[PDB]
Amino acid sequence: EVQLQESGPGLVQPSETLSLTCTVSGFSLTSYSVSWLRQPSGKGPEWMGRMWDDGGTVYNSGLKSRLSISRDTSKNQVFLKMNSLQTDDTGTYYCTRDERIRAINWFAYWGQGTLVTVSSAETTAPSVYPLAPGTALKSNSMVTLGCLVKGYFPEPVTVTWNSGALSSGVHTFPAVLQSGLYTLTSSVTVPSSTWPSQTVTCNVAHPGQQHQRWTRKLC
Amino acid sequence: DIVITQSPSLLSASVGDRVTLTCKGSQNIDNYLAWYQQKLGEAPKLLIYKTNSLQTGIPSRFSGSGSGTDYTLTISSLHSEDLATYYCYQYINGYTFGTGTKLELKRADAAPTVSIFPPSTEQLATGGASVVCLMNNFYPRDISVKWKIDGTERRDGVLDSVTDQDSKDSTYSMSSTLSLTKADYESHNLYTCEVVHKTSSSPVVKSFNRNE
Amino acid sequence: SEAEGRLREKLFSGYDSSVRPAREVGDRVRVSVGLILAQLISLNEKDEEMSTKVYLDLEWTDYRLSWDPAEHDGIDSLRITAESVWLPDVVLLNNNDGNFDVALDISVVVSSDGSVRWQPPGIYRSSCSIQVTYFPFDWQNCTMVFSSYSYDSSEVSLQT
Amino acid sequence: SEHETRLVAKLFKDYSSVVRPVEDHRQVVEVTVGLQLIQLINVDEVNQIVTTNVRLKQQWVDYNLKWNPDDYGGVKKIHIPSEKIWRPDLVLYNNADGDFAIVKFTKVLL
Amino acid sequence: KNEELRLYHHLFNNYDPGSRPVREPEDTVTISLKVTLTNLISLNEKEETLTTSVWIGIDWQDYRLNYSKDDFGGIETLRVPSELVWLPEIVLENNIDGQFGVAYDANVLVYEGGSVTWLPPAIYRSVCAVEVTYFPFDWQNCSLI
Ligand SMILES: *[C@@H]1O[C@H](CO)[C@@H](O[C@@H]2O[C@H](CO)[C@@H](O[C@@H]3O[C@H](CO[C@H]4O[C@H](CO)[C@@H](O)[C@H](O)[C@@H]4O)[C@@H](O)[C@H](O)[C@@H]3O)[C@H](O)[C@H]2NC(C)=O)[C@H](O)[C@H]1NC(C)=O
Ligand SMILES: *[C@@H]1O[C@H](CO)[C@@H](O[C@@H]2O[C@H](CO)[C@@H](O)[C@H](O)[C@H]2NC(C)=O)[C@H](O)[C@H]1NC(C)=O
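Chains as they are written, first to last, in the authors' numbering: chain H, 1 to 219; chain G, 1 to 212; chain B, 1 to 160; chain A, 1 to 110; chain E, 1 to 145.
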């Protein structure tokens with residue numbers, strides 16, 4: 001019944017302003033308070049502020065100057081606005097319905113959360129370098145070979161092996177930021193005799209600029 | 001505000017086990033502590049509030065206990081659906097959250113499939129020389145990796161990431177990289193990847209000499 | 001007087017007379033305490049008690065009671081019964097008979113800038129240490145000690 | 001103070017001054033009682049009555065009147081009318097011709 | 001949750017202190033009276049006023065306030081403000097200062113089984129005609145009605 005859905009921009013530049021809309025259904029904002037939480041990357045969540053059912057607002061004292069919250073009771077929407085943005089603000093932002101007992105409040109339902117990334121970097125296509133072992137040192141029934149997906153921005157990047165022929169023998173290790181851009185790795189398991197002769201190829205695409213590449217395995 | 005810590009940081013348990021997660025404050029939390037469950041890409045769900053009030057519609061296998069500055073969440077019968085990260089939080093003085101306990105199904109030990117790849121000449125043509133080393137389908141996630149170049153250890157430019165539990169075998173896969181310039185790469189010839197894991201008293205090593 | 005009723009209803013919509021008009025949580029309320037002596041009723045040496053009839057002169061700013069007079073038909077000041085606005089609990093601490101409060105809760109005057117002025121009459125019987133020595137040529141130094149009973153110096157700042 | 005007004009409104013929305021301010025009825029309300037003597041107004045030897053000016057500092061915890069300060073801008077204390085809340089019914093057992101109980105219901109520091 | 005709040009709501013959500021605790025109008029409410037004298041404050045012969053401090057023990061059955069401790073967590077007594085329950089309005093008729101009622105409106109005690117107890121403290125000034133004939137060896141037949 002009770003549902004909340006955050007929405008907003010996935011990327012924002014530093015010192016710009018962020019706006020998020022918490023859509024609400026299954027209850028009326030006039031009778032339930034809505035709090036905003038954020039989870040900074042690699043940190044526990046923190047409480048940012050609350051839209052009271054009576055329409056008042058309260059903010060985390062560390063963010064009070066940076067924050068404003070407003071609502072539209074006809075649309076059942078709660079709006080978060082933040083300025084003076086910085087890279088530390090990158091994280092998942094949640095809006096929550098707050099339960100109460102007397103004056104005590106706690107978060108009872110969470111929204112699905114919107115990932116906000118604060119970065120000035122422009123969208124960039126990935127390079128797809130081939131990865132092959134330095135020597136076929138053993139006739140293993142399968143050998144791991146991979147592709148390096150480096151230099152792209154923003155997330156996500158999609159990687160496949162011979163399109164639909166990737167099979168479950170593929171891993172997509174999480175991307176890592178370096179120098180303001182992402183790098184990702186993937187690998188496939190293939191027979192030691194197959195990969196030097198068959199065109200075993202990784203297929204990589206990037207929705208940020210509709211980029212596409214394919215790189216075979218060679219040594 | 002009341003600082004909160006959780007233990008264990010990562011816990012592995014088999015389906016049907018009784019497990020308890022401990023949450024400890026820096027001050028008397030006065031039973032105003034709550035527990036919620038989070039899953040990757042899913043909205044967090046409140047399990048318990050006021051340290052023992054079960055949230056409506058939550059399975060009764062979840063139960064809470066504690067007083068003063070120590071609190072525990074108990075799952076009396078771990079289902080496969082209960083594998084998630086659990087955060088305690090406090091709402092009597094500010095709002096502080098624990099670091100979260102990640103709960104995974106216990107898995108039989110597996111040695112990492114270690115492999116190493118030189119920077120291909122297609123990469124070297126661009127002047128990039130990032131080396132990469134992989135360790136697939138190992139368990140437990142406890143692993144340590146060191147880069148050595150011409151026998152000399154390297155730490156600058158080292159990066160790594162680890163996948164979650166595989167949806168079919170619950171093992172972990174790890175990638176590691178060593179970004180280098182073409183000049184820095186060509187300055188050396190021996191490269192090796194050293195991986196330490198609990199399944200062996202000595203590290204696994206994979207090496208290559210010059211370009212493939 | 002339609003505009004006066006509209007303004008009066010606007011001011012007290014959502015008002016709370018039990019809550020002091022601090023804007024920020026750390027803000028103090030400054031209350032100017034004046035005293036107007038209307039009659040020295042008596043001095044009682046047996047009880048060491050001085051009876052006086054006085055008018056207080058309490059003035060403070062209540063930001064919640066501010067308004068723009070040009071929006072409200074030029075009403076630049078308003079007279080409001082004291083029970084409906086927040087009042088500082090200024091009381092005679094050194095009273096001798098237990099009558100801390102004023103004798104009559106007359107209406108306060110509220111200015112459009114939120115300045116509230118209150119001049120309630122009081123009948124007070126303060127304790128006064130009698131200088132017994134030089135009777136009947138004696139002179140007495142009686143004191144009336146006015147303070148907020150409840151609010152601390154960090155919440156209500158009294159002033160002469 | 002909008003924060004303080006909201007706090008006062010939410011504390012007393014469904015507060016009951018009839019029942020004791022315990023979490024569980026088996027608990028005991030523990031009241032700290034300090035008599036302050038302000039003035040020895042009179043000693044009446046003939047009537048055997050002593051008139052004194054006193055303050056009765058009563059302190060106790062109300063389980064229902066807790067709040068989180070960060071919900072209300074950091075308000076850590078408020079003053080409220082004592083007629084709103086439950087109070088211990090301290091009575092002067094040896095009252096001769098005065099009031100038995102308190103009659104000046106000054107504000108409560110909460 | 002506090003069981004006293006459940007008990008209070010159960011007893012008083014549909015309770016009228018105006019009507020007597022009788023199922024039929026012609027029923028008498030039996031009151032048990034136990035006046036406890038704390039001290040004889042004074043006998044003022046000049047004003048013919050006896051001043052006494054008393055506790056007025058008043059007990060009666062109110063079937064509307066009946067409850068069992070087993071249904072409410074073992075509560076055996078509930079304190080309720082006397083303004084909320086029906087009271088017999090016992091007054092000192094032969095008072096002289098006009099103070100008919102008690103000096104403190106103490107809470108009533110609603111025991112399980114519907115027994116209500118009230119024991120307010122009262123100071124009473126009452127008419128006592130003084131027979132001064134044998135003063136100072138006199139004895140006085142003061143009375144409280
Ligand atoms: C202390 O004061 C008490 C109150 O004044 C005294 O008690 C009263 O004493 C008088 C003495 O004359 C009694 O009056 C007599 O009562 C009897 C009994 O009849 C009673 O019942 C009938 C029928 O209901 C009624 O008509 C009467 O009034 C009585 O109530 C009569 O036969 C006599 O004619 C006469 O009226 C009072 O009855 C009595 N009242 C009470 C409540 O005790 C007490 O004697 C004084 N004691 C001392 C030591 O001085
Ligand atoms: C007052 O209430 C009590 C509690 O209900 C009544 O006592 C009996 O309680 C049991 C509960 O187990 C009921 O089944 C009985 O019907 C009750 N009545 C009797 C006569 O046993 C009690 O009767 C009520 N009335 C009075 C006057 O005390």
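Ideal Cβ positions, reconstructed from N, Cα and C, are used throughout, including at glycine.
- Here residue 10 of chain B carries a helix assignment [DSSP, helix/strand/coil].
- Chain A places no beta carbon closer than 7 Å to that of residue 128 of chain G, leaving this residue out of the contacts.
- In the three-state DSSP reduction, residue 63 of chain A falls in the helix class (H, G or I).
- Leaving aside the five residues that flank residue 109 of chain H on each side, the residues in its chain whose CB is nearer than 7 Å to its CB run, in chain order, 2, 4, 96 and 97.
- Runs of the beta strand (DSSP E) lying entirely within the segment 118-193 of chain H and spanning at least 3 residues, in chain order: 127-131, 143-152, 158-161, 170-178 and 181-190.
- Within a 10 Å sphere around the beta-carbon of residue 10 of chain G sit fewer than 16 other beta-carbons, which makes this residue exposed.
- Residue 203 of chain H is bridged by DSSP to H:160 and H:214.
- For the pair residue 41 of chain H and residue 66 of chain H, the CB atoms are not nearer than the 7 Å cut-off.
- CA-to-CA, the gap between residue 102 of chain H and residue 20 of chain H works out to about 29 Å.
- Between residue 71 of chain B and the set B:30, B:11 and B:50, the nearest pair of CA atoms involves B:11.
- Counting only runs of at least 3 residues, the segment 1-76 of chain A fully encloses the following beta strand (DSSP E) elements, listed from N- to C-terminal order: 32-44 and 49-59.
- Straight-line measurement puts the Cα of residue 98 of chain B at about 23 Å from the Cα of residue 41 of chain E.
- For residue 128 of chain E, DSSP records no beta bridge to any residue.
- With its beta carbon less than 7 Å from one in chain A, residue 2 of chain E belongs to the interface.
- Contacts with chain A at 7 Å (Cβ-Cβ) do not include residue 105 of chain B.
- Sequence-ordered contacts of the segment 49-63 of chain H with chain A read 50, 52, 54, 56, 58, 60 and 61 [C-beta pairs closer than 8 Å].
- If you draw a straight line from the Cα of residue 176 of chain G to the Cα of residue 68 of chain H, it is about 42 Å long.
- The DSSP-derived three-state label of residue 84 of chain B is helix.
- Identification of residues in the segment 54-74 of chain B having a C-beta nearer than 8 Å to some C-beta of chain A yields an empty set.
- The beta carbon of residue 6 of chain E is closer than 7 Å to those of 72 in its chain, skipping five residues each way along the sequence.
- In the displayed model, residue 8 of chain E falls within a helix according to three-state DSSP.
- A Cβ-Cβ separation of about 17 Å leaves residue 78 of chain B out of contact with residue 120 of chain B under the 8 Å criterion.
- Contact of residue 95 of chain G with chain A by beta-carbon distance below 7 Å involves 70.
- In this structure, ligand 1 has no non-hydrogen atom nearer than 6 Å to the beta-carbon of residue 94 of chain E.
- Here residue 105 of chain G is near residue 170 of chain G, since their CB atoms are less than 7 Å apart.
- Taking the Cβ of residue 113 of chain E as the reference point, at least one heavy atom of ligand 2 falls within a distance shorter than 6 Å.
- For residue 141 of chain E, the shortest separation between its Cβ and any heavy atom of ligand 1 lies below 6 Å.
- Note that the C-beta distance between residue 129 of chain H and residue 122 of chain G is below 7 Å.
- When Cβ-Cβ separations below 7 Å define contact, residue 150 of chain B makes contact with chain A.
- Counted as a single uninterrupted DSSP element, the beta strand (DSSP E) harbouring residue 98 of chain H occupies residues 91-101.
- Here residue 63 of chain A has 21, 22 and 23 as same chain residues with Cβ atoms under 8 Å from its own Cβ, once five neighbours each way along the sequence are excluded.
- By the CB criterion at 7 Å, residue 33 of chain B and residue 158 of chain B fall inside the cutoff.
- By the neighbour-count definition (other C-beta atoms within 10 Å, threshold 16), residue 121 of chain E is a buried residue.
- Cα atoms of residue 106 of chain H and residue 56 of chain H: separation of roughly 17 Å, rounded to the nearest angstrom.
- Within the DSSP secondary-structure output, residue 49 of chain B pairs in a beta bridge with B:44 and B:127.
- Contact check for residue 17 of chain B against residue 69 of chain B fails: the beta carbons are separated by 7 Å or more.
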